[PDB]
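Protein chains in written order, with the authors' numbering: chain B, 336 to 348; chain B', 336 to 348; chain B'', 336 to 348; chain A, 1 to 186, 191 to 255; chain A', 1 to 186, 191 to 255; chain A'', 1 to 186, 191 to 255. A prime marks a further copy of an entry chain.
A short worksheet on the structure shown next.
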C-alpha cells in the first residue's frame, strides 16, 4: 500500500 | 457592451 | 455493397 | 468564363483558413480586375474584406462580372486537399452553379480536380467610408498574434490605449491582470506608431484571435483606431491585395 | 528455441503500427526461413500478409516451426517502449506460451526486456492464387497516402479507373466531388502504370487509410487491380520481405 | 521590496511547469540569499523542494524575509505569456498582497507586466534529516523520463532494484511485464551507480511521471534510495540551485 511521507518524516507544519 | 457594426456603418444590404 | 474476400477466395480456415 | 491560375496556391489555402473561422459563407465578386469578397459575421460584430488583383495570378480570365455564393467551410475543406506547393486554378462557367478547383502537384504527374456547388446568397451592401484614424500601429504579424493569444489567457476583452511613447494592450480576469506595452523601434520586425491624439478602446479578444488566423499571409499587420469607431486590422497579401478586418468596439 | 535479432528495430515498430489498426490478433508462423503472418480482419473485407526473411536479421535461429498466437494491440504497445534506434530481439522457447522482446539502447548502458503472454488462435486457411492483374500501378508511398487522405475528406469510397494515359481516383460527397489523376512519369518518386486493359473498381477509403499506415516501411507502393477481384496493395520492406494487403471491392 | 531579474526566463517557465502538475499552491520564502520553496502534495505522498540562489539572478534585491503564498496553477498560466527568450522579473512590495511579473521581449520594443494576487498559506514545517543513502544513481534526465514513461505503459508501479552490476526498474500489468536494466558506463549522458548495499523499493509511476516534468531543467538526474525511506529525485538548475523531489514508497 502507498505510504505517506508523514510515516517517514516528522512534520508539525 | 459589445456593439455591432450597424451602429457604426450604414448597411441596407 | 461492400463485398467480403470469401466471395472472391476459398478459405476453410 | 472564369479562369484564375495561382502558382503559389498556399496563398489561397491561407486565405480560406483566415476566412472560415470568422464567416461560413460569402459572395466572391469576380471581374476582369480580380476578386473581391466582403462579408460580416452572423453577429455583425466584425466584417472582412478581401482583395485579390488579377495581376497577382499567372493566368486570369473573367469575361463578365460574377458573384459566386460560396460555402467557405466547404471550400476550405477542399483546399486542404491541395499541397502547399500546388498550383491552384479556380474555374467557373458564365452562369456558374458550380466552382471547379484544380490543383497541380509540383511533380507534374498528379493533377486533382474538385467541384463544389455554389449557393444563392443575399450579398448585403455595407457603406464603409474610408477615413483617417487617430492612431495607426504597424507591427510584426506574429507579435500581434502572440499579444492576442497571451491576453486571452487573462481576460475576454482587451483595452487598447494609445499615447505618446507607445500602445498598450490590457486585460483583466480572475487570475489577475496584464498589460503589454509596445514602443516604437529605431518593415517586417519593426514597430511604427503614428498618433494624432490619444485613443482608448475595448475589443473582444475572441474576434481578434480570429483575425490573427491571417498571420501566415504577411509578416506585418497594421491596426487603425479612432474613438467610437470600428477597429481595422489589415494584412497585405504580397503583390495580390489585402485582407482587412473591421471590429466594432465594446460599448 | 527461437531467436530473431533485428538491428534496425524501427522496422518492427513500423510493422506493428501498420498491423494493429487493421487486425488485433494474428498468428506469427515462425520457421528456419523467417516469419510469416497472414490474417483477415473481423469483417473479412481485407487480408494482410507479412513476410520477414531470416536473411534480414542480424541473428536468426528457429530450431522448429512455430505458430505463435499474438495480441497485436498488446505487442504494438510494448514496441512503443522501444527507441527507434534500438536493436530488437524476439525470443521464445520451443513450446512457448510467452514471447520475450529485448530492446538494446544505442547507448549500451540500457537494455529492456518485455514478456507478453501468447494466445491460442484458430489460424484459418485462405487460398489466394497468385495471378496476373489487368493493371499494376507503382508510385511513391507518400503520394498514395495523401491521395487516400484527401479523398477521405470528400467521400467514403473511391472509384479507381485505369486506362491509357493514367489512373484516376474519384470520390463524391455532400461537399462536392473530386478526382485525382496520375500519369506516368518519364524508383522512389516515379509513377509507372502497366495496363493490360481498362479497369474500374470501387473501394472503401476506411480500409485504404489503414493500409497507408505502412507508408514509413517503403518509399514506394504498388497497386494491382483486375475486374471483380480483390485489390492488392504492397509495400516492400527493404531486404526483409514485404507487407501485402488485399481488399474486397464494393459490389 | 523584492526585485529578482532573471535573464534566462525559460528557467522560471520550466520550474513552474515542473511544479504545477504536482502541487497547486505553495509558499515562496524569499530572502537576501534567494528563493526557497517547499511543499507536499495534498496526499502527502511526495514533497518538492526548490532552491534558487540570488547569485543566479542578474539583479536581486530582497530587503526583508518574505513568505509569499502563491497559486502555482495561476502563476504557470501567466508564465505561459512569457517568451522563452524573455528576461523575467519578479517584483513585490514589503507587505505584498500581489506579485508582479515583468517580461522583457528580446526585441526591446515589447514589455509585458502581469500582476497576480497572493494568498494566505499555512506553510507547514517538515523535518527531513539529510542523510546518506544505500544507493545513488546518476543518469541522463531524458533517459530516466523515458524509463518512467515506458513502464507506465506496462503497470502503475515500478520496483527499483539495486545491486552489483546496475539498477533495474520493473513493472507488471495485464499486457505483460517488463524490466529495464541500467549498467554503469565507462557528466550528461553517462550512468554512475554507487551502491552501499542492495536495495529494492516499489514506487508509484504516477508521481515519478510528475517529477520528470522537470527534465528540461537539467541534462542529468540523480536518484537516491535506502530501504524503507523516501526516494529522492534531484535536478540541478545550472548555477541557480536545484529541484528535489521526495516520494514515499509503497508499503
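We put the CB at the ideal spot given by N, CA and C, even for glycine.
Jot down the residue ranges of each uninterrupted alpha helix (DSSP H) in the region 40-94 of chain A'', minimum 4 residues, whole runs only, in chain order.
The region 40-94 of chain A'' contains these whole alpha helix (DSSP H) runs: 72-79.
Just tell me which of A'':23, A'':103, A'':71 and A'':240 has its CA closest to the CA of residue 257 (chain A'').
In this structure chain A'' extends from 1 to 255, so residue 257 (chain A'') is not present and cannot be described.
Please return the same chain residues whose Cβ sits closer than 7 Å to the Cβ of residue 223 (chain A), not counting the five positions on each side in sequence.
Taking the first residue of the fourth chain as 1, we reach residue 223 (chain A) at position 219. For residue 223 (chain A), where only same-chain residues beyond five positions count, the Cβ hits under 7 Å are 140, 141 and 192.
Can you pull out the residues from the region 106-128 of chain A'' whose beta carbon lies closer than 9 Å to at least one beta carbon of chain A?
Hits within the stretch, in order: 107, 108, 109, 110, 111, 112, 113, 114, 115, 116 and 117.
Candidates A':209, A':29, A':81 and A':61: which alpha carbon is nearest residue 102 (chain A')'s?
Taking the first residue of the fifth chain as 1, we reach residue 102 (chain A') at position 102. For the residues A':209, A':29, A':81 and A':61, the minimum Cα distance to residue 102 (chain A') belongs to A':81.
Does the Cβ-Cβ distance between residue 161 (chain A'') and residue 131 (chain A'') come in under 9 Å?
Start at 1 with the first residue of the sixth chain, and residue 161 (chain A'') comes out as number 161. Start at 1 with the first residue of the sixth chain, and residue 131 (chain A'') comes out as number 131. The answer is no: Cβ separation not under 9 Å.
Return no unless some Cβ of chain A is closer than 9 Å to the Cβ of residue 194 (chain A').
Position 190 of the fifth chain holds residue 194 (chain A'). It does: the Cβ of residue 194 (chain A') has a partner Cβ on chain A nearer than 9 Å.
I want to see whether chain A' comes within less than 9 Å of residue 69 (chain A), judged by CB atoms only; does it?
Your numbering for residue 69 (chain A) matches position 69 in the fourth chain. Not an interface residue.
Ends of the beta strand (DSSP E) at residue 238 (chain A)?
Residue numbering aside, residue 238 (chain A) sits at position 234 when the fourth chain is read from its first letter. Unbroken beta strand (DSSP E) run through residue 238 (chain A): 235-241.
Give the interface partners of residue 188 (chain A'') over in chain A', defined as CB-CB distance under 7 Å, in chain order.
No coordinates exist for residue 188 (chain A''); the numbering of chain A'' passes from 186 to 191 with nothing in between.
If we define contact as Cβ-Cβ less than 9 Å, is residue 40 (chain A') a contact residue for chain B''?
Residue numbering aside, residue 40 (chain A') sits at position 40 when the fifth chain is read from its first letter. So, interface residue.
Bridge partners for residue 169 (chain A) per DSSP, in chain order?
For the purposes of this step, residue 169 (chain A) is identified with residue 169 of the fourth chain, where counting begins at 1. Partner(s): A:160 and A:180.
Per DSSP, what are the beta-bridge partners of residue 140 (chain A) in this structure?
Numbered from 1 along the fourth chain, position 140 holds the residue referred to as residue 140 (chain A). According to DSSP, which records beta bridges pairwise, residue 140 (chain A) is partnered with A:224.
Buried or exposed for residue 106 (chain A''), going by 16 or more other Cβ atoms inside 10 Å?
Residue mapping note: residue 106 (chain A'') aligns to position 106 of the sixth chain, counting from 1. Label assigned to residue 106 (chain A''): exposed.
Please classify residue 75 (chain A''): is it buried, with 16 or more other beta-carbons within 10 angstroms of its beta-carbon, or exposed?
Counting from 1 along the sixth chain, the entry for residue 75 (chain A'') is found at position 75. Residue 75 (chain A'') should be labelled buried.
Give me the chain B residues within the contact set of residue 208 (chain A''), using Cβ-Cβ distance strictly less than 9 Å, ordered along the chain.
Within the sixth chain, numbered from 1, the residue matching residue 208 (chain A'') stands at position 204. In chain order: 337.
Once you ignore the five residues that flank residue 145 (chain A) on each side, which residues in its own chain have a CB closer than 6 Å to its CB?
Looking up residue 145 (chain A) in the fourth chain gives position 145. 216 and 219.
Would you list the one or two residues that DSSP bridges to residue 342 (chain B'')?
Within the third chain, the letter at position 7 stands for residue 342 (chain B''). None; residue 342 (chain B'') has no bridge partner.
Tell me the DSSP bridge mates of residue 258 (chain A'')?
Look at the range of chain A'' in this structure, 1 to 255, and you will see that residue 258 (chain A'') is not part of it.
Step through the CB atoms of chain B' and report whether any lies within less than 9 Å of the CB of residue 92 (chain A).
Residue mapping note: residue 92 (chain A) aligns to position 92 of the fourth chain, counting from 1. Closer than 9 Å: no.
Determine the chain A' residues that contact residue 178 (chain A'') at a beta-carbon separation under 8 Å, and present them in chain order.
In the sixth chain, residue 178 (chain A'') corresponds to position 178, counting from 1. Under the 8 Å cutoff, chain A' gives 78, 81, 112, 113, 114 and 115.
Return the chain-ordered list of same chain residues with a C-beta closer than 6 Å to the C-beta of residue 159 (chain A), the five sequence neighbours on each side being excluded.
What you label residue 159 (chain A) is simply residue 159 of the fourth chain in a count that begins at 1. Taken in chain order, the residues that qualify are 170 and 206.
Mind listing which residues of the region 131-153 of chain A have their C-beta closer than 9 Å to chain A'''s C-betas, in chain order?
Cβ contacts with chain A'' come from 139, 140, 143, 146, 147, 149, 150, 151 and 153.
Starting from residue 23 (chain A), find everything on chain B' with Cβ-Cβ shorter than 8 Å and list it in chain order.
Taking the first residue of the fourth chain as 1, we reach residue 23 (chain A) at position 23. By Cβ distance, chain B' contributes nothing, its closest Cβ being about 13 Å from residue 23 (chain A), past 8 Å.
Which residues in chain A' have a C-beta closer than 9 Å to the C-beta of residue 74 (chain A)? List them in chain order.
For this step, residue 74 (chain A) is matched to residue 74 along the fourth chain. Here the neighbours are 174, 175 and 176.
Please report the straight-line C-alpha distance between residue 36 (chain A') and residue 14 (chain A'), rounded to a whole angstrom.
Here the question's residue 36 (chain A') lines up with position 36 in the fifth chain. Here the question's residue 14 (chain A') lines up with position 14 in the fifth chain. Taking the straight line from one Cα to the other gives about 16 Å.
Report the neighbours of residue 255 (chain A) on chain B': residues whose CB is nearer than 7 Å to its CB, in chain order.
By 1-based counting over the fourth chain, the position of residue 255 (chain A) is 251. Ordered by position in chain B', the residues that pass the 7 Å Cβ test against residue 255 (chain A) are 336 and 338.
Nearest-angstrom Cα distance between residue 214 (chain A') and residue 249 (chain A')?
As a position in the fifth chain, residue 214 (chain A') is number 210, starting the count at 1. As a position in the fifth chain, residue 249 (chain A') is number 245, starting the count at 1. If I take the Cα positions, the gap works out to 10 Å.
Taking the alpha-carbon of residue 19 (chain A') as reference, which of A':6, A':4, A':39 and A':9 has the nearest alpha-carbon?
Sequence index remark: in the fifth chain, residue 19 (chain A') carries index 19 (1-based). Nearest of A':6, A':4, A':39 and A':9 to residue 19 (chain A'), Cα basis: A':39.
Of the residues A'':62, A'':238, A'':108 and A'':5, which one's Cα is nearest the Cα of residue 96 (chain A'')?
Position 96 of the sixth chain holds residue 96 (chain A''). Checking every option, the nearest Cα to that of residue 96 (chain A'') belongs to A'':62.
Looking at C-alpha atoms only, which residue of A:179, A:227, A:29 and A:67 is the closest neighbour of residue 137 (chain A)?
Locating residue 137 (chain A) in the fourth chain gives position 137, where the first residue counts as 1. Nearest C-alpha to residue 137 (chain A): A:227.
Tell me, please, which residues DSSP counts as bridged to residue 245 (chain A').
Mapped onto the fifth chain, residue 245 (chain A') falls at position 241. In DSSP, residue 245 (chain A') forms a bridge with A':52 and A':241.
Tell me which residues share the same chain as residue 189 (chain A) and place their Cβ nearer than 6 Å to its Cβ, disregarding the 5 neighbours each side in the sequence.
Shown without residue 189 (chain A), the model has chain A running from 186 straight on to 191.
Sort A'':68, A'':134 and A'':245 by Cα distance to residue 121 (chain A'') and report the nearest one.
Stepping through the sixth chain from its first residue, residue 121 (chain A'') is reached at position 121. Nearest of A'':68, A'':134 and A'':245 to residue 121 (chain A''), Cα basis: A'':68.
Considering only C-alpha positions, which residue in the set A:21, A:151, A:77 and A:73 is nearest to residue 177 (chain A)?
Within the fourth chain, numbered from 1, the residue matching residue 177 (chain A) stands at position 177. If we check each option's Cα against that of residue 177 (chain A), A:151 comes out closest.
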